[PDB]
Amino acid sequence: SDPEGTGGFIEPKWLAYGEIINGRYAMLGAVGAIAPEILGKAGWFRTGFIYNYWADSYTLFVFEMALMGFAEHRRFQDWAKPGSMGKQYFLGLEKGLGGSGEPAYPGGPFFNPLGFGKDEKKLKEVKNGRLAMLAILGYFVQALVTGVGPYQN
Amino acid sequence: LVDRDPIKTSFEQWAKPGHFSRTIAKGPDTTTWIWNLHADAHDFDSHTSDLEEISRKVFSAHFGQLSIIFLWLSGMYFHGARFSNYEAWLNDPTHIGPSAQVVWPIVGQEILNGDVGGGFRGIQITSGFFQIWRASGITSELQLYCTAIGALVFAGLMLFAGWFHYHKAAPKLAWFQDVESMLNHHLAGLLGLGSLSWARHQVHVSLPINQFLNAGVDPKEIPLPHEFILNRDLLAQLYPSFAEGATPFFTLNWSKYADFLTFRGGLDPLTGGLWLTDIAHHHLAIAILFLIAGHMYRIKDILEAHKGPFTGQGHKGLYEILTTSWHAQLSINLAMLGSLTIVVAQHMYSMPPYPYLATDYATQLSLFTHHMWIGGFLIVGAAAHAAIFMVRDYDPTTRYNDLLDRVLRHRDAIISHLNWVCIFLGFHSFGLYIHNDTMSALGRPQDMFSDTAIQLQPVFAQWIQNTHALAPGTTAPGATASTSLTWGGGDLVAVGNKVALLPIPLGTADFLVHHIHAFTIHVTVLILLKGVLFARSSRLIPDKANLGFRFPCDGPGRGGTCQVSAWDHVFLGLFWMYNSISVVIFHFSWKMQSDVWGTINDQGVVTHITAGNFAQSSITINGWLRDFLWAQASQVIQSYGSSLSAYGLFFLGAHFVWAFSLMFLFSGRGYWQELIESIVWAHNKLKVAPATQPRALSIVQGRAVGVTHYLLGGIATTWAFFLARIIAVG
Amino acid sequence: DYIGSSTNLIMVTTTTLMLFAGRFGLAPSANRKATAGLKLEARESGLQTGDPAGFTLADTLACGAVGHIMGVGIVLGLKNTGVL
Ligand code: CLA
Ligand code: CLA
Ligand code: CLA
Ligand code: CLA
Ligand SMILES: CC(=CC=C/C(C)=C/C=C/C=C(C)\C=C\C=C(C)\C=C\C1=C(C)CCCC1(C)C)/C=C/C1=C(C)CCCC1(C)C
Ligand SMILES: CCCCCCCCCCCCO[C@H]1O[C@H](CO)[C@@H](O[C@H]2O[C@H](CO)[C@@H](O)[C@H](O)[C@H]2O)[C@H](O)[C@H]1O
Ligand SMILES: CC1=C(C/C=C(\C)CCC[C@H](C)CCC[C@@H](C)CCCC(C)C)C(=O)c2ccccc2C1=O
C-alpha cells in the first residue's frame, strides 16, 4: 500500500522533539570539544589566520548524507518487526552467540547486575538543556560587535 | 449523486452525464451546457447550500494565483536575464532602448526584431523591469537566473499549499469564522515585515550599489556577491557605523551629520528617478506603522458604538454577516484595491520611484494606462459582486433594520439625485466643447471658450498647486524642490538626455477635460449604483429575486422589461468605464507630450514632442483628431516593414475585433436559431448533424460575447496606437 | 560604556518614563472620554497629586540636573559653594 504520514496536533514535536535531540549532539563543538580545535568553521577575515584550513576537504559529501540517510528510514521499517533479521547461516548448529537484543542503553539488556558502590552521593531535560547548547553557537558564529566590542567590559 | 459513497468509494467520478442543477444535463443532449460549465464554474448556489467548503475552496483556488504570478515573473526575470540587454543597457542607459523578447526567424518573423541597444536584434519593452532591476546591489545575468528559480521555488511549494488545502481534509468554520485577529498579523508584520524587510536590503546593498554607479564603471568593477556583510567599512561612504550613539535615543551629538535618509524630494541630476537616500526612510517610516497598528485587537465594539439621529442605528451591527459573506467582503476590496491602484497611476508620472523613468517616456505610460485600467476594471467588479451580495449570499433575512434597510428606504432617491447631476454635467461637461466647433466653424473667437477668449487672462497659478511647490517653508523642514517637480514654483534643470517633469500648467483645456471626467465618472456609477441598489425588488418587477442577479430580462411586458437585472447594469457599466479610462488615457499623453515630454539642448530651449499644440486646440474636440487621432497614429499607419510593425499589424485586427462586437451586441437570438436550423437541415441531408443539439447563444452569453470583445477590441487598438508613438520620436 | 554608559542608564529615561507612566493610564479604563473637568463628579482645587504625567515628564529635565555644567562650558570658578 501507499506509505503513511500521520499529522495529529503534535507528531510535529515528536519528530520535532527528535530533530533537536540529534542536533544536540550534532551541536558537536562543545559536546565533543576535541572535535574542533578549529573545525566548527567549514572553510576570517582577519579572524583567525594567525583557507580555513589545512583541511579535510572534498566531494563525496552529498553521497554520504544521502546514503546514510538511506538507513535512517530503515530502522523505521525493518523493526516494524516480524523478526528474522538474524538470518544466521543455512547449516551449523553452533550459533548460540547473540550479541545483545534490542539495545537502547548498556546493551542487550542493561547488564552485569551487581553494582553500586560509588558513582555516588524525564529526559526532556536531557533535551531542553542542549538547545541551550545548540542555539548558543548559533549566534556565536556571528558572535561579534567588532567596531567596538564588549560594552559590559 | 453517487456515484455512490458516501463513504465507500475512493473510486473517482470520471464518467456519467452531467452535474449542476438537478434535472441536470439530462441524458438528452445539448450545447448550452458547454458555456455553462466554464461560465459560473465558480459561483455558489450549487456545490452545497452550506458555506463551510466554499471558503475552504477560495483559500486554495486563490493560492494558484500567487503560484502563477510566480511561474510568471520567473519568465520575465529569466528573459530579463539571458535574453539579455539588461547588462548592456545599464553601463549604457540614456543610450539603449531595452529588450527581453526575441522571435526565432520562422516564416515572416524577424521584422519584429529590430536593433535595440547593447548590440542586438529584438522587440522592445514598456514594462519597467530593467528598472526595478536597477536595485541589484550586485548585478549579473546568471544572477537574475537565481532570483528566477527562487521564483519557481515559491511555486510548486506555494502551489502545494493548495494541495495542502481543499484536497487535504481541510480546516473549517471557526478558522475563518473566527475573524478576530486577521488584519492583526497582515498589516503588522509583512505589510510591516516587508517595507521593513525591504528597508534591510534597500540601503544595505542597493543605495551603495547605485550611489557609486551614478557616475560610470562597468559592473564587477563594483558590487560583489557577498562584500556587504560585517564589513560595515564601505557603508562608511554613505554615513557612520553609528560612531558613538547606541540604539537611537538622545544623548547623541551631531557636530556634522544625521544618518542616511537626510530627506530629499526632488530628482538626481544624472538619474532623475527620485532620490534613494530617502527611499529607505519612507519604507522604514511605514512598517513602524503596521508594526505598531497590526496590534489591535482581539470586534463589533467599535462599530457597535457611534450612532445618531438620522445616522446609522444599524451602523451598530453593520454585519454579523461580515464574517459570513465573501461576495460582500470581496466587492468591498475591489472598490479599494481597484481604486487604490489608479492612485498609483498619478504618484508615478508626477513622482517617479525608479531610476531612469520619464526620460524613458514609453516605459512609464504604458504603466500609467495599464495601471489605470485595473483601477477601473476592478471597480465595476467591486459593484458587480455587491449586486451578487444584494441579491443572495446569506441564508434568510437575519441582518435586519439597519444602515442598509436604511439606504434602500430611500433608493428611488439617492439615485434620483445623481441623475440630474449628470445632465447638469454633460451639458456643462461636453456640449461645452461643441460650442467651440459650432462657433469656431462659424468662426468668431471673440466668444469661444479658448484659454484666452472667455475671461481667464495669461495665468492659472493661484490655487493649490502654487501652495504645494512652495510648501517647504511651513511646519515643513524642506529639501530643495518640492515633493513632485510638476508643481508651480521653481526649478527646471531636470535631465541630460531628453527631459522629465516640469510645472505642467492649467486653466481651460485642463479645466474642462477635468470636468468631462466628472460627468464620465458620475454617469458611470449611476448605472452601477442604481443597478446594485435595485438588486432584488422594484416597481417594474417586485417578483424580481426569484432566480439570480443575471437573468436575461423578465419579459416583453411592462413595456420593456429587458435590461433590468444587474449583471446588465454591470454590463452597461463596463460599456461606460471603457470610456472612463479610455478618455483619461487620451488626456495624459496629449498633455504629457504637448507639454512636459520634449527636450533640452543649449540654453535648454525646450522643444516638446509638440510645441504646445494643446493651447487653443483640444478645446475643439476635432483638434482631438486634428491634433490627436489624425496627427499621432500617422506612426501606426506608417509602421509597416519595420520592427514594431506588430502594432500597425495588430491595429487592423482588434480594430476589427471591436467591429465584430456590435454583431454580438446588436442582434436577436431566436435569429441565429432560425438560421442555425437551415444549417441543421442541410446537415441532416448528408447525415452529419443532430447529436449534441446545436443551439444559439444564451441571451446573456450573447451579451457576454459583446462587451468582452468590444473591450479587447476597442482597447488593444490603442495599446497599438500607443506603442508606436513613444518608441520612435517621443 | 563611554558616555553611552551613562546612556545605558538612559534606557530608563525613556523606557521607565514610558512603562512606569504605563499602568495608571490604562488602569481604571473602561472609561473612554470623561474625567473631572466635565460631567458631574466633583472637587477642584484643581489640584495637586495624581501621577504618571507629573513626575516622569519632569524627569527628562531631571536627567540633565547633575550632569549639567560638567558637560557644558567645562569647569570654572573657585568652588561655587565657598565651603572647603
Ligand atoms: C495532481 C492533482 C490533483 C488532482 C488529481 C486533483 C483532483 C481533484 N480536485 Mg484538486 N487541486 C489540486 C491538485 C489536484 N486536484 C491542487 C494542486 C489544488 C490547489 C492549487 C487543487 C484545488 C482544488 C479545489 C478548490 C477543488 C479541487 C477539487 C478536485 C476534484 C475535482 C477536480 C477537477 O475536475 O478540476 C478541474 C480543474 C483542473 C484539472 C485544473 C486546476 C486549475 C489550476 C490548479 C491550474 C490551471 C490554471 C491554468 C493556468 C489555466 C488558465 C490558463 C489557460 C489559458 C491555460 C478532483 C478530485 C474540487 C472538489 O473537491 O470537488 C468539488 C474543488 O473545487 N481541487
Ligand atoms: C477579486 C475578484 C474576482 C474574483 C475572485 C471573482 C470571482 C467570481 N466572479 Mg467576478 N468579477 C470581478 C473580479 C472577481 N470575480 C470583476 C473585477 C468583475 C467586473 C468585470 C467581475 C464581474 C463578474 C460577473 C458579471 C460575474 C462574476 C462572477 C464571479 C463568480 C464566477 C467565476 C467564474 O466562473 O469564472 C468566469 C470566467 C470565465 C468563464 C473565463 C472567461 C474569461 C473571458 C471573458 C476572457 C477575458 C478576455 C481575455 C482578454 C481573453 C484571454 C486572451 C485571449 C484573447 C487568448 C466568481 C465567484 C459571476 C457570477 O455569476 O457569480 C456567482 C458573474 O458572471 N464576476
Ligand atoms: C454645456 C454647455 C452650454 C453652455 C453652458 C452654453 C453657453 C452659452 N452658449 Mg452655447 N451651445 C451649446 C452648449 C452650451 N452653451 C451647444 C451644445 C450648442 C450647439 C447645440 C451651442 C450653440 C451656441 C450658439 C450658436 C451660441 C451659443 C451661445 C452661448 C452663450 C450664450 C448663452 C445665453 O445667452 O443664454 C441665456 C442665459 C440664461 C437665460 C441664463 C439662465 C440659465 C442659467 C442661469 C441656468 C442656471 C441654473 C440655476 C443657476 C440653478 C441655481 C438654482 C437657483 C435657485 C439659485 C453661452 C455662453 C451664444 C454665444 O454667442 O456665446 C458666446 C451663441 O448663441 N451656444
Ligand atoms: C465580416 C465582415 C466585414 C468585413 C470583412 C469587415 C472588415 C472590417 N471592418 Mg467591418 N463591418 C461590417 C462587416 C465587415 N467588416 C458590418 C456589417 C458593419 C456594420 C455596418 C461593420 C462596421 C465596422 C466598423 C465601425 C469598423 C469596421 C472596421 C473593419 C476593419 C478592421 C481593420 C482590419 O481588419 O484590417 C485588416 C488586417 C488585419 C486583420 C491583420 C491581422 C493580423 C493580426 C490580428 C494577427 C493575425 C491573426 C491572429 C489569429 C490574431 C492573434 C490572436 C491569437 C491570440 C489567436 C475590417 C476591414 C473598423 C475599421 O477599421 O474602419 C471602419 C471599424 O471599426 N467595421
Ligand atoms: C482571419 C484569421 C484570423 C484573424 C484575426 C484577426 C483579424 C484579429 C484577431 C485578433 C486577436 C486578438 C487581438 C487576440 C488577442 C490578444 C491579446 C493577447 C491581447 C492582449 C491585451 C491585453 C494584455 C489586455 C488589453 C490590451 C491587449 C489587447 C494588448 C484566421 C483565419 C484562419 C483561417 C483562414 C482558417 C483556419 C484558421 C485560421 C488560420 C485562424
Ligand atoms: C516655453 C514657454 C516660455 C514660458 C516660460 C518661460 C519663463 C522662464 C524662462 C525659461 C524657462 C526655462 O528654464 C531654463 O532657463 C534657461 C534657458 O534660457 C536655462 O539656463 C541654463 O543655461 C545656462 C548654463 O549655465 C545658464 O544661463 C543657467 O545657469 C542655466 O540654468 C535652463 O536650462 C533653464 O533653467
Ligand atoms: C452572431 C450571434 C450569434 C451566433 C453566434 C454563434 C453561433 C457563435 C458560436 C460559434 C461556436 C463558438 C463555434 C464552435 C465550433 C467549434 C468549437 C467546433 C470545432 C472545433 C475546432 C477544432 C474548430 C448568437 O447566437 C447570438 C446570441 C445572442 C445575442 C447575439 C448573438 C449574435 O450576435
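One-based numbering along the chain as shown.
If you're wondering, the header gives X-ray crystallography, 3.5 Å.
Cβ atoms here come from the backbone N, Cα and C positions, even for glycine.
Here is what Swiss-Prot records for this protein:
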BINDING   B:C553, B:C562  [4Fe-4S] cluster binding site
BINDING   B:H655  chlorophyll a' binding site
BINDING   B:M663, B:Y671  chlorophyll a binding site
BINDING   B:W672  phylloquinone binding site
TRANSMEM  B:58-81  transmembrane segment
TRANSMEM  B:144-167  transmembrane segment
TRANSMEM  B:183-207  transmembrane segment
TRANSMEM  B:279-297  transmembrane segment
TRANSMEM  B:326-349  transmembrane segment
TRANSMEM  B:365-391  transmembrane segment
TRANSMEM  B:413-435  transmembrane segment
TRANSMEM  B:511-529  transmembrane segment
TRANSMEM  B:569-590  transmembrane segment
TRANSMEM  B:644-666  transmembrane segment
TRANSMEM  B:704-725  transmembrane segment
Which stretch, B:58-81, B:183-207, B:569-590, B:644-666, B:704-725, tops the Cβ pairs under 8 Å count with the transmembrane segment (B:365-391)? B:569-590
Can you grab the distance from B:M663 (chlorophyll a binding site) over to the residue listed as 'phylloquinone binding site'? Cα atoms, rounded to a whole Å. 11
Scan B:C553, B:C562, B:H655, B:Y671 for binding-site residues whose C-beta lands under 6 Å from an atom of ligand 7 and note them, or write none. none
Near the Cβ of B:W672 (phylloquinone binding site), how many other Cβ atoms are there if near means within 10 Å? 15
Quick one: pull the CA-CA distance for B:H655 (chlorophyll a' binding site) versus the residue listed as 'phylloquinone binding site', whole Å only. 25
Does the transmembrane segment (B:144-167) reach the transmembrane segment (B:58-81) with at least 3 CB pairs under 8 A, where each pair is 6 or more residues apart? yes
Would you mind listing the long-range same-chain contacts of the transmembrane segment (B:511-529), meaning Cβ under 8 Å and 6+ residues beyond its ends? 380, 383, 414-415, 418-419, 421-422, 425-426, 428-430, 432-433, 449, 569-570, 572-573, 576-577, 579-580, 583-584, 587, 618-619
When you measure from the Cβ of B:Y671 (chlorophyll a binding site), which residues in the chain that are at least 6 apart have a Cβ under 8 Å away? B:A696
So what sits near B:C553 ([4Fe-4S] cluster binding site) in its own chain, CB-to-CB under 8 Å and at least six residues off in sequence? B:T561, B:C562, B:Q563, B:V564, B:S565, B:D568, B:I699
Taking the Cβ of B:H655 (chlorophyll a' binding site) as the centre, how many other Cβ atoms fall within a 10 Å radius? 17
When the Cβ positions of the binding-site residues B:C553, B:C562, B:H655, B:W672 are compared with the atoms of ligand 4, which fall under 6 Å? B:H655
Counting across all protein chains, other CB atoms within 10 angstroms of the CB of B:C562 ([4Fe-4S] cluster binding site) number 14
Around the C-beta of B:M663 (chlorophyll a binding site), how many further C-beta atoms are within 10 angstroms, looking at every protein chain? 12
Tell me whether B:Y671 (chlorophyll a binding site) sits in a helix, a strand or coil according to DSSP. helix
